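Visitor: Experimental structure and sequence below, a few questions after.
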Amino acid sequence: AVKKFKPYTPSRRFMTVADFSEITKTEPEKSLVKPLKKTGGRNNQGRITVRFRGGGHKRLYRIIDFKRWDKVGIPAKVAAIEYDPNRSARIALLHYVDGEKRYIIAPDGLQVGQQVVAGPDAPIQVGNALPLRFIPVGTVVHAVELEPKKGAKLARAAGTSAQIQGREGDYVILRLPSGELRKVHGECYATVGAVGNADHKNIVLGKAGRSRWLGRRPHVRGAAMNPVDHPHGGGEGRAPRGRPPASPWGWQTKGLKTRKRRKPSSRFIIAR
Amino acid sequence: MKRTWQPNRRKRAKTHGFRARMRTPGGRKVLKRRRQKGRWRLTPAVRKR
RNA sequence: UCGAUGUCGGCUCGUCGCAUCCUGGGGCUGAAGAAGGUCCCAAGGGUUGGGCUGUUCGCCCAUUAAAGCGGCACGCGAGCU
RNA sequence: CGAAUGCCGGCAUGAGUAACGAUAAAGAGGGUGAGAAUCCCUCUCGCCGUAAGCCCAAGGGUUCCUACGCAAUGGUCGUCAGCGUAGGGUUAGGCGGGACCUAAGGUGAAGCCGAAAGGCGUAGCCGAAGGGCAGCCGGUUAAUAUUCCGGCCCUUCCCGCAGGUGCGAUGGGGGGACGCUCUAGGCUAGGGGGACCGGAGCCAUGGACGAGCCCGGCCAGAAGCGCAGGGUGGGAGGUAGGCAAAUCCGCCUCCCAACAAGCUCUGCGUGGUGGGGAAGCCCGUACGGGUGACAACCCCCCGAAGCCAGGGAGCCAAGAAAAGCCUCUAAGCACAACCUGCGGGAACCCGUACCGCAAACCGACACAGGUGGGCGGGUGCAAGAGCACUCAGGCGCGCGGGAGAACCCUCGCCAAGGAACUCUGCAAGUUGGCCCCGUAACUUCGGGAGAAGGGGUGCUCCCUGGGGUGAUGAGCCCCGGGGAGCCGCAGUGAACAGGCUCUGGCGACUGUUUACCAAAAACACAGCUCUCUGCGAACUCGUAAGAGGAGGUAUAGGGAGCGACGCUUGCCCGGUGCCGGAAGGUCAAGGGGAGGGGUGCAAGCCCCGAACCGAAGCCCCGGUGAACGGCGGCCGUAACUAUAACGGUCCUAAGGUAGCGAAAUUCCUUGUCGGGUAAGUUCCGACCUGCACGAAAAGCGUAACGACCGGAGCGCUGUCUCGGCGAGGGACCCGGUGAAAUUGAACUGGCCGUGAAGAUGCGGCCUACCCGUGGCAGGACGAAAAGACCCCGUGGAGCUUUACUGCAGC
RNA sequence: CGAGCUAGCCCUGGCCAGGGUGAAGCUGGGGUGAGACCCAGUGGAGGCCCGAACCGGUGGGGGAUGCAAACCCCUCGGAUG
RNA sequence: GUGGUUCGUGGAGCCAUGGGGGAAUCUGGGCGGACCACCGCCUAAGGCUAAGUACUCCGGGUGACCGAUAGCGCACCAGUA
RNA sequence: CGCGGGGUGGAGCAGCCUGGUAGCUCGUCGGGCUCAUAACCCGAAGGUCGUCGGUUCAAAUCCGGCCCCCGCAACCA
RNA sequence: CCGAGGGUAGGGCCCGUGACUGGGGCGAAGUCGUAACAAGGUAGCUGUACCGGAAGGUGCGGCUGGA
RNA sequence: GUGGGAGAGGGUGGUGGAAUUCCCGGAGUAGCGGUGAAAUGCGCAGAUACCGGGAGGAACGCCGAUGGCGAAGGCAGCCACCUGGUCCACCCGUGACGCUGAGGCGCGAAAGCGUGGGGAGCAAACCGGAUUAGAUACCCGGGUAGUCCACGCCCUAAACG
Ligand SMILES: NC[C@@H]1O[C@H](O[C@H]2[C@@H](O)[C@H](O[C@@H]3[C@@H](O)[C@H](N)C[C@H](N)[C@H]3O[C@H]3O[C@H](CO)[C@@H](O)[C@H](O)[C@H]3N)O[C@@H]2CO)[C@H](N)[C@@H](O)[C@@H]1O
Ligand SMILES: [Mg+2]
Ligand SMILES: [Mg+2]
Ligand SMILES: [Mg+2]
Ligand SMILES: [Mg+2]
Ligand SMILES: [Mg+2]
Ligand SMILES: [Mg+2]
Ligand SMILES: [Mg+2]
Ligand SMILES: [Mg+2]
Ligand SMILES: [Mg+2]
Ligand SMILES: [Mg+2]
Ligand SMILES: [Mg+2]
Ligand SMILES: [Mg+2]
Ligand SMILES: [Mg+2]
Ligand SMILES: [Mg+2]
Ligand SMILES: [Mg+2]
Ligand SMILES: [Mg+2]
Ligand SMILES: [Mg+2]
Ligand SMILES: [Mg+2]
Ligand SMILES: [Mg+2]
Ligand SMILES: [Mg+2]
Ligand SMILES: [Mg+2]
Ligand SMILES: [Mg+2]
Ligand SMILES: [Mg+2]
Ligand SMILES: [Mg+2]
Ligand SMILES: [Mg+2]
Ligand SMILES: [Mg+2]
Ligand SMILES: [Mg+2]
Ligand SMILES: [Mg+2]
Ligand SMILES: [Mg+2]
Ligand SMILES: [Mg+2]
Ligand SMILES: [Mg+2]
Ligand SMILES: [Mg+2]
Ligand SMILES: [Mg+2]
Ligand SMILES: [Mg+2]
Ligand SMILES: [Mg+2]
Ligand SMILES: [Mg+2]
Ligand SMILES: [Mg+2]
Ligand SMILES: [Mg+2]
Ligand SMILES: [Mg+2]
Ligand SMILES: [Mg+2]
Ligand SMILES: [Mg+2]
Ligand SMILES: [Mg+2]
Ligand SMILES: [Mg+2]
Ligand SMILES: [Mg+2]
Ligand SMILES: [Mg+2]
Ligand SMILES: [Mg+2]
Ligand SMILES: [Mg+2]
Ligand SMILES: [Mg+2]
Ligand SMILES: [Mg+2]
Ligand SMILES: [Mg+2]
Ligand SMILES: [Mg+2]
Ligand SMILES: [Mg+2]
Ligand SMILES: [Mg+2]
Ligand SMILES: [Mg+2]
Ligand SMILES: [Mg+2]
Ligand SMILES: [Mg+2]
Ligand SMILES: [Mg+2]
Ligand SMILES: [Mg+2]
Ligand SMILES: [Mg+2]
Ligand SMILES: [Mg+2]
Ligand SMILES: [Mg+2]
Ligand SMILES: [Mg+2]
Ligand SMILES: [Mg+2]
Ligand SMILES: [Mg+2]
Ligand SMILES: [Mg+2]
Ligand SMILES: [Mg+2]
Ligand SMILES: [Mg+2]
Ligand SMILES: [Mg+2]
Ligand SMILES: [Mg+2]
Ligand SMILES: [Mg+2]
Ligand SMILES: [Mg+2]
Ligand SMILES: [Mg+2]
Ligand SMILES: [Mg+2]
Ligand SMILES: [Mg+2]
Ligand SMILES: [Mg+2]
Ligand SMILES: [Mg+2]
Ligand SMILES: [Mg+2]
Ligand SMILES: [Mg+2]
Ligand SMILES: [Mg+2]
Ligand SMILES: [Mg+2]
Ligand SMILES: [Mg+2]
Ligand SMILES: [Mg+2]
Ligand SMILES: [Mg+2]
Ligand SMILES: [Mg+2]
Ligand SMILES: [Mg+2]
Ligand SMILES: [Mg+2]
Ligand SMILES: [Mg+2]
Ligand SMILES: [Mg+2]
Ligand SMILES: [Mg+2]
Ligand SMILES: [Mg+2]
Ligand SMILES: [Mg+2]
Ligand SMILES: [Mg+2]
Ligand SMILES: [Mg+2]
Ligand SMILES: [Mg+2]
Ligand SMILES: [Mg+2]
Ligand SMILES: [Mg+2]
Ligand SMILES: [Mg+2]
Ligand SMILES: [Mg+2]
Ligand SMILES: [Mg+2]
Ligand SMILES: [Mg+2]
Ligand SMILES: [Mg+2]
Ligand SMILES: [Mg+2]
Ligand SMILES: [Mg+2]
Ligand SMILES: [Mg+2]
Ligand SMILES: [Mg+2]
Ligand SMILES: [Mg+2]
Ligand SMILES: [Mg+2]
Ligand SMILES: [Mg+2]
Ligand SMILES: [Mg+2]
Ligand SMILES: [Mg+2]
Ligand SMILES: [Mg+2]
Ligand SMILES: [Mg+2]
């Protein structure tokens, strides 16, 4: 989708909005299973650690289910599909037959009315979740766990997905939304299908405000400020850095790798 | 234009208050000295009810 | 002169020098006459409006008897800009 | 002690000088009084009136009221006061806050960390203009009143009796509970009219005894109705979820309604009754009291942004918590307990005065400044919180009186010319609201646009079409149309209310910034690219714990640059950076002991020390430019000259492409042609010999947009020729209060000299009676600031880096 | 010792008169094979327009031992973000 | 690896000690400034201990100390206005 | 005016700093192949080294004086 | 009221002229190279796309007007 | 109409092996590459050659044809679904309902363009190596867009029988 606009105001011409057709006549969220008071704040205890944040629409947290072995075997019916301000993926709310309700990040396909479930059993269909081993090599899938019982963590962004590649001992090779081939443990669930609402990468914010709404204040270039507060700074009319591009704190930012070398997680990785 | 003193009872006891100064090691010393110097008033005289 | 003598230009106000632009006398003129050239006498008064430039100076434009040159802290900011 | 722009204290100079703090404005009469422009009262005049009026909150802390008083405080006076002295004055279960709840945040048992101090911190506590919670209208004081009195009306509590029920938690579930813009229905606040009712009263000056003028025609109000409206489906089975248990909720299934029919719950009417009640007139105030009065207390229309409210619709940026509240069960308890009546008893602590856009708060001041929420009447102008006048109400700003110079400020107008003014049309002008005709290039199809340019606007009369409210009608209120005629110089008749265009530069746009000289072409901005990050992420703060990132997960987060969009962003990896290199070279601690030394009679004990094994880093090998950057020189040739497609040659890592180019870049420079001008160092179009453009420190363009910067034309003009007159506030004089910087001392002229080379002071000569007041600014190298420039000092700081040396970090 | 000025953010409330413009979307009409799409009407969007409060602080004049240690008059920017 | 002692790595001991190693109970152990032999000296890895020393908010005494711009900041209703 | 770089056969460049020895590419001349010209092949010629001085036995080379040439600086006022 | 004509404002087409500029035609014997016609010595021609002093070269698809 | 026929006609979905390049493991050495010849380039850091495993993209060998299909452009491994044209037999149905067709309208190779995904091979531009008087060319080694998919544009051709 992606709503468009006629130019009746510069900016609201290039501006592009999402299409909330996929939003089952829902909107008002569900008390109980979410929401919780969401403590918004751009800095830690005192100081501001991440810069340029703050401001932007008030938000309510939708406490989603990111570990599904909670209900192994208990099937549930997908009730609605709603908007979640805390993420890029739309989310689906679903009523188990157990009578319990919980939200799930909504996969592309999954339609309201559908029945979905989790566990070793589970049929390989959009929405169902199973330990990685029991999933057919090659099938795509989202909401992966990295270590058994620790909760989903990979491919959860709007319309992202990972593809299974092979098996190898108690591990199974994956291919993350980034292109890295990772070795994940067999016992990590991963609900099947891709995340959906993949038009998300196409929304043209539009104006200055639009960014402000999502809570992101203006970002000033180092080049603008002085030597006192950033490498690229001063002196006359503009100027070409004058040294290898660096961050406010001073480490190179055009090429310098960061992953800490001797990490134990190294051996389970294979790509880029 | 607007100036720098905008009186506020709450802020004043809340900041230069007595329990306020007792709470920290630096403030307790603030008291010591003032006590040791004589000062009729150890801390500002906030008021009302 | 640094326990400060504010500086270019313009504006307002001027005053002075003459090695005189004009006008007034005058000698020679390769000065017929008319107009000039040149030096000598002589500052008493007169010495325009503009276009361009911050401009001083120029360059033009339209005239003029003429569109003089300099000093006065490159006269004048306890007078202005 | 004569000196230190010395320290402190005092008194002088300037000076009876400048001033006396908004040009909203004052005159008189009568009091009082030792003493009145300044106090009290009356009349007349002026000013505010989306405040200059009243209601709150904050802050202030007696400033309130009353008696007596002016020493000082008051920019003058003072009989006055926010001033001095005394006394009095602030009443609450219902308004506010606490014996209620939670927000960010604070604290903090537990737990974690830190040399110490201390940092963190899920439970709980704390934390409020947010949630919850029961008062409306009148009467009284000199000063308090949602507080006291009066009338109506509520709230918990504890104890009783009367009756119902499984009662019962700090625990479960429900609810509380939420955005933004736009909104409907019906009410209320408030407001306009009335030939109707109520009233003292009034015929003025030519006319009016009139359905005349003037005044006023409500307020609260339980139950019950009534009109609005907000909420909510009733069953019955099944249950493995809501970290126990639930009959509750939730989910599944079968029914009956889908309606608000029914239950609620608000609001608004109405309601027993309870109040209030003008103008005028009479008095005596420093004010309020009588009468008007058995006052009337009725009908229309306008009508909210306020109420019904948890109403509706649309949108994306997706919109606190917890208690109270209803329900649920558990432990216990069911002679308890809880719910509904009805009685009776109990209902504590703190605020209330007064100022409150200000002479009482923040600005040293009775300061032209700052100050948060509510109300803010009428008419008229298209609307409105706008503007002009005016209700209520509060004011004439705590120095006056005259004068009528120059000059200044604010204001008005002007013959002819009209930008000749000037750095610049700086300034001022013309223009001006609404209605209707009417509008170009260009364009991203929206815009350009209020383009430009026009016309209409008043009042009277006739005819005439639509709403709203009432009934399908009168009226009252809204929008209109057509047609005759009237008056002025002129009809948005006063007040508020764009000058227009052409064309360049820069920036796309709204935005932002140097509070207190810079608002821009700077920052920002969507958007484009590089890059880091696999999640106990990178990154940041922290010694740590810890947190932020993020309750996020590559469509995401950090860093960097460019900065909408259009069309594009070329070559060089030699040097620096970063990326990839299980080789080799170098490479510390450590391993290793060849070999050597010192003592010992000695066994021994103590040292040196070569092979070789030895990380990262460096070296070397590769790549990488939206990484740091760089992107040449000289000679010759075309059948007129010229000029060079072509060629030779030297050195590059390569040797600037397109596009633009006298530029925000051009030195020589007013380069040279062209355009605009009577004239053009600027401007616009070109040419290119680009001192010294050039592609994301982006390149060339770009519709729209800008208090940005440049040029031009029209319009208009006191900008100018070239001034002139008028106005008011000062200046001037009189009365009252009365500063200041400065000051070695002064009995302080001109000239030509001279002097440390710019003399009132020394020389000579010239001039010149003594002392003032309004003015002018040429001098006292005038005043002001131990020059901000320059240099000096082995002075000091901020900044940079392949300067040195350390450190955090890795 | 200071965030009672100022800067930013966190929590919780308040304010923004009145007039313009008229996006999408609905509705109907045309249109096709069905479309697109063109019209009307409706609709009430927007870092949209004029403009008060309110927030600014553009130009000029005043002020300069001031009313004021940043003010006053005229003028001007924004004013549903 | 550092601190202490006059000892700044010096031939650098002795005394403390963060890190690694890691004994012994008299024929055991540390020391006498690298070391070794000799000669001696002392007996680590637990604790307590007046006194003579320091200070003077406070009491008293004395001054080739001040005498109200001195002396305490305060002679005085001053850590006040 | 000041700083440093440079004048070499016809053209463009080496040659010095460690003095004795002028080298390269092109071009020019003679000869070949071709019908002929170019290309290509075979041979050959050409340099007071900017000039006036001396330094040494000996100067392109070292050192001073001028003649042009090129690039860099001309700041604070 | 109508109204010749005049005035002011803005448009529509047309023609003249304009520094400079873009290709073009024509102009007996100037420079540069070989593109084409013989397999033209790289079959050509081609739509498009980029690049190059110039003919032109090259990718991609195509056609016989070629093997 | 009825009953049949062939087909690379069209769209979506799914899939098969061969080859390639790249990575890993193995074993293996002193050269591979390329050419007219060469060099560039690659390779003891261990290439090429060969085995094994994996990744990924595109294009479908023999069948295969001088063949079929389509209105053109064009269409090729295989499976299904959705669907278009057309041929035949039967002569049963309607009963002249026809041919063309300004315009409109749709379709329209390759290259190109917009946004996004994909990237093995090849390959404008580009860089090097030789050829050459000179080579911005024909030969070689690297190599970017592109070639590939989705939607949207483009509308040209020796769209030629
Ligand atoms: N009329 C010729 C057109 O123009 C071009 O050709 C023009 C030029 O290229 C051409 O120039 C030629 C040159 O090519 C050739 N190699 C040498 C010749 N001397 C020149 O000649 C030219 O100049 C001379 C003298 O002035 C004239 O007399 C002659 O007419 C003219 N062609 O002259 C032509 C004009 O006459 C196109 N190449 C050609 O295809 C086209 O048809
Ligand atoms: Mg803290
Ligand atoms: Mg930025
Ligand atoms: Mg800066
Ligand atoms: Mg820095
Ligand atoms: Mg820099
Ligand atoms: Mg610069
Ligand atoms: Mg000086
Ligand atoms: Mg002086
Ligand atoms: Mg004469
Ligand atoms: Mg003169
Ligand atoms: Mg001079
Ligand atoms: Mg001069
Ligand atoms: Mg001067
Ligand atoms: Mg001055
Ligand atoms: Mg002395
Ligand atoms: Mg005086
Ligand atoms: Mg005077
Ligand atoms: Mg005076
Ligand atoms: Mg008092
Ligand atoms: Mg009083
Ligand atoms: Mg007085
Ligand atoms: Mg005063
Ligand atoms: Mg008296
Ligand atoms: Mg609490
Ligand atoms: Mg509260
Ligand atoms: Mg209350
Ligand atoms: Mg009162
Ligand atoms: Mg119960
Ligand atoms: Mg409960
Ligand atoms: Mg609860
Ligand atoms: Mg009469
Ligand atoms: Mg009257
Ligand atoms: Mg009532
Ligand atoms: Mg609602
Ligand atoms: Mg809640
Ligand atoms: Mg609680
Ligand atoms: Mg109590
Ligand atoms: Mg009170
Ligand atoms: Mg009160
Ligand atoms: Mg006053
Ligand atoms: Mg305000
Ligand atoms: Mg009102
Ligand atoms: Mg007003
Ligand atoms: Mg005039
Ligand atoms: Mg006139
Ligand atoms: Mg002029
Ligand atoms: Mg002039
Ligand atoms: Mg100008
Ligand atoms: Mg102006
Ligand atoms: Mg302009
Ligand atoms: Mg402009
Ligand atoms: Mg801008
Ligand atoms: Mg500001
Ligand atoms: Mg400023
Ligand atoms: Mg300013
Ligand atoms: Mg990023
Ligand atoms: Mg911190
Ligand atoms: Mg963390
Ligand atoms: Mg978190
Ligand atoms: Mg920029
Ligand atoms: Mg580039
Ligand atoms: Mg490099
Ligand atoms: Mg490079
Ligand atoms: Mg390199
Ligand atoms: Mg190493
Ligand atoms: Mg020019
Ligand atoms: Mg330049
Ligand atoms: Mg530039
Ligand atoms: Mg760049
Ligand atoms: Mg730019
Ligand atoms: Mg440009
Ligand atoms: Mg702006
Ligand atoms: Mg501005
Ligand atoms: Mg004047
Ligand atoms: Mg006057
Ligand atoms: Mg003198
Ligand atoms: Mg004298
Ligand atoms: Mg003077
Ligand atoms: Mg004066
Ligand atoms: Mg002075
Ligand atoms: Mg000095
Ligand atoms: Mg200077
Ligand atoms: Mg020194
Ligand atoms: Mg519409
Ligand atoms: Mg609107
Ligand atoms: Mg706006
Ligand atoms: Mg506005
Ligand atoms: Mg030491
Ligand atoms: Mg020892
Ligand atoms: Mg010893
Ligand atoms: Mg001893
Ligand atoms: Mg002891
Ligand atoms: Mg004293
Ligand atoms: Mg003292
Ligand atoms: Mg022409
Ligand atoms: Mg023309
Ligand atoms: Mg021409
Ligand atoms: Mg040829
Ligand atoms: Mg060819
Ligand atoms: Mg072609
Ligand atoms: Mg090429
Ligand atoms: Mg038949
Ligand atoms: Mg046909
Ligand atoms: Mg294609
Ligand atoms: Mg792409
Ligand atoms: Mg590749
Ligand atoms: Mg290749
Ligand atoms: Mg190639
Ligand atoms: Mg050749
Ligand atoms: Mg096509
Ligand atoms: Mg064409
Ligand atoms: Mg054909």
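Guide: Structure's in. What do you need? Numbering: from 1, shown residues only, chains lettered A, B, ... in the order given. Ligands and ions are numbered 1, 2, ... in the order given.

Visitor: for the chain, what spans make up the helices?
Guide: Answering for chain A, as no chain was given. Here chain A has its helices, by DSSP state H, at A:208-213.

Visitor: Oops, wrong one, chain B.
Guide: Taking DSSP H, the helices of chain B run over residues B:9-16, B:18-23, B:25-37.

Visitor: can you give me how far the shortest one is from the chain middle?
Guide: Put plainly, it is helix B:18-23. Averaging C-alpha coordinates over helix B:18-23 and over its chain gives two centres that are 8 Å apart (CA atoms, centre = their mean, to the nearest Å).

Visitor: can you tell me the residue of chain B closest to RNA strand F?
Guide: residue B:38 (3.0 Å; CB to the nearest atom of the strand). From N, CA and C alone the C-beta is placed, and that goes for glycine too.

Visitor: ok, now how distant is residue A:122 from residue A:73?
Guide: Using CB to CB, to the nearest Å, residue A:122 is found at 9 Å from residue A:73.

Visitor: ok, those two, which is more surrounded?
Guide: residue A:122 (23 against 12; other CB atoms under 10 Å in any protein chain shown).

Visitor: Closest to the centroid, which residue in chain B?
Guide: residue B:16 (2.7 Å; CA atoms, centre = their mean).

Visitor: all strands for the stretch 51-200 of chain A, in order.
Guide: The residue ranges that make up the strands of the stretch 51-200 of chain A, judged by DSSP state E, counting those that start in this stretch, are A:60-61, A:76-82, A:91-96, A:101-105, A:115-116, A:140-141, A:144-145, A:152-154, A:162-164, A:171-175, A:181-185.

Visitor: could I get those strands as JSON lines with mean neighbour count and distance to ligand 3?
Guide: Supplementary listing: these in JSON lines, determined by neighbours: other CB atoms under 10 Å in any protein chain shown; distance: least, CB to the ion, whole Å:
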{"stretch": "strand A:60-61", "mean neighbour count": "15", "distance to ligand 3": "30"}
{"stretch": "strand A:76-82", "mean neighbour count": "19", "distance to ligand 3": "35"}
{"stretch": "strand A:91-96", "mean neighbour count": "22", "distance to ligand 3": "33"}
{"stretch": "strand A:101-105", "mean neighbour count": "22", "distance to ligand 3": "33"}
{"stretch": "strand A:115-116", "mean neighbour count": "19", "distance to ligand 3": "45"}
{"stretch": "strand A:140-141", "mean neighbour count": "23", "distance to ligand 3": "38"}
{"stretch": "strand A:144-145", "mean neighbour count": "24", "distance to ligand 3": "36"}
{"stretch": "strand A:152-154", "mean neighbour count": "20", "distance to ligand 3": "32"}
{"stretch": "strand A:162-164", "mean neighbour count": "20", "distance to ligand 3": "34"}
{"stretch": "strand A:171-175", "mean neighbour count": "20", "distance to ligand 3": "35"}
{"stretch": "strand A:181-185", "mean neighbour count": "18", "distance to ligand 3": "35"}
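
Visitor: With residue A:50 as the reference, name the closest of the ones you listed.
Guide: Distances from residue A:50 to each of the strands of the stretch 51-200 of chain A were compared by CB to CB, and the smallest falls on strand A:60-61, at 18.7 Å.

Visitor: That closest one pairs with which strands?
Guide: Each strand that strand A:60-61 pairs with, and the sense of that pairing, follows from DSSP bridges: strand A:36-37 (antiparallel).
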